[PDB]
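Numbering (the deposited numbering), first residue to last: 187 to 306. Scroll down for the structure; my scribbles are underneath it.
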């Protein structure tokens, strides 16, 4: 079954937005899943695509740039954190009090969410 998802020109998880939502958790005060490794961009993609995700790129990396800068976590480190959550499926710990990997937040939206009386 599946393997080659996204044949519908659609259907893939927005990998960018899951990484943004992980940064949103770090911002909010919920960083337990963070790691010390910096996985390869393409090796990350090879894991990610197995779970119905889009391939990440240098362009996607650049869009996370502000969040990465704000938190001090490189995108390749956030990739490695996300690799753990893929392999474990979240394991049972929540992130942002949610029980699933959410993808509804673009990096810019998470940036904007920082405007809680500071700006940025």
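Note that CB positions come from ideal geometry on N, CA and C, so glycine has one too.
Check each candidate in 280, 299 and 285 and name the one with the smallest Cα separation from residue 218.
By 1-based counting over the chain shown, the position of residue 218 is 32. The residue with the shortest Cα to Cα distance from residue 218 is 280.
What residue from 223, 255 and 272 has the CA that sits closest to residue 210's CA?
Stepping through the chain shown from its first residue, residue 210 is reached at position 24. Of 223, 255 and 272, the residue nearest in Cα terms is 255.
Separation of residue 263 from residue 284, as counted between CA atoms
Locating residue 284 in the chain shown gives position 98, counting from the first residue. Locating residue 263 in the chain shown gives position 77, counting from the first residue. Going by the C-alpha atoms only, they are around 21 Å apart.
Rounded Cβ spacing between residue 206 and residue 197 (contact assumed at less than 8 Å):
On the chain shown, position 20 is the one that residue 206 refers to. On the chain shown, position 11 is the one that residue 197 refers to. That pair is no contact at about 20 Å.
Is residue 254 helix, strand or coil by DSSP?
For this step, residue 254 is matched to residue 68 along the chain shown. Reduced to three states, the DSSP call for residue 254 is helix.
Exposed or buried, which one is residue 266 when buried takes at least 16 other CB atoms within 10 Å?
As a working mapping, residue 266 is identified with position 80 in the chain shown. Buried, since its Cβ has 16 or more Cβ neighbours within 10 Å.
Compute the distance between the beta-carbons of residue 204 and residue 268, then report whether it is under 8 Å.
Locating residue 204 in the chain shown gives position 18, counting from the first residue. Locating residue 268 in the chain shown gives position 82, counting from the first residue. Yes; because the gap between Cβ atoms is below 8 Å, this pair is in contact.
Residue burial classification, residue 240 (beta-carbon count within 10 angstroms, cutoff 16)
Reading the chain shown from its first residue, position 54 is the one you call residue 240. Residue 240 counts as buried, since no fewer than 16 other beta carbons sit within 10 angstroms of its beta carbon.
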